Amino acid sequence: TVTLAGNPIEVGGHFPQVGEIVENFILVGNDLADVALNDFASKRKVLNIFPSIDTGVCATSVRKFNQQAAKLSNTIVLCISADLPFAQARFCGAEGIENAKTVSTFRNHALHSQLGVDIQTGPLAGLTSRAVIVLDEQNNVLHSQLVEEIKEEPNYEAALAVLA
């Protein structure tokens, strides 16, 4: 039921629901080093998933969210996309933001389906659908949203409301 600029797109996999537990996964950091979800043990996690964080013009609502989220107590914001570490290191949505890091799925495309954000049709096939998943320090889903429209601003407030 997800669309791109109005045009329907098929997104595969099971999108995590509240109360569910997200399994450990391994991604790649800006320095090409492996970064596992459990590397942030006993910490709340915010999975900010984007088809691409290298769209050029940086956002604003996007950066605003990352800042406010990372400023919360004992929480880490993970911006996830299939962009390679080289490109993610330039992402302006989480630059001077301490508790905000970008991690790449380039050698773990299997994760896309595992998180229910696997775009399978259209020019964006092979990329992760826009989504926001909040996890507690035990990796339990406190909140999650698979944006119906890729080019649409996620319900950021709802994501923050649960973190506090």
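One-based numbering along the sequence shown.
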May I ask you to compare 57-65 and 103-111 by their mean CA B factor in the entry and name the higher one?
57-65
State which stretch shows the higher mean Cα B factor in the entry: 114-122 or 33-41.
33-41
I'd like to know which of 87, 77, 82, 72 has the highest C-alpha temperature factor in the PDB entry.
72
Thinking about Cα B factors across the chain, which third does residue 97 belong to?
highest
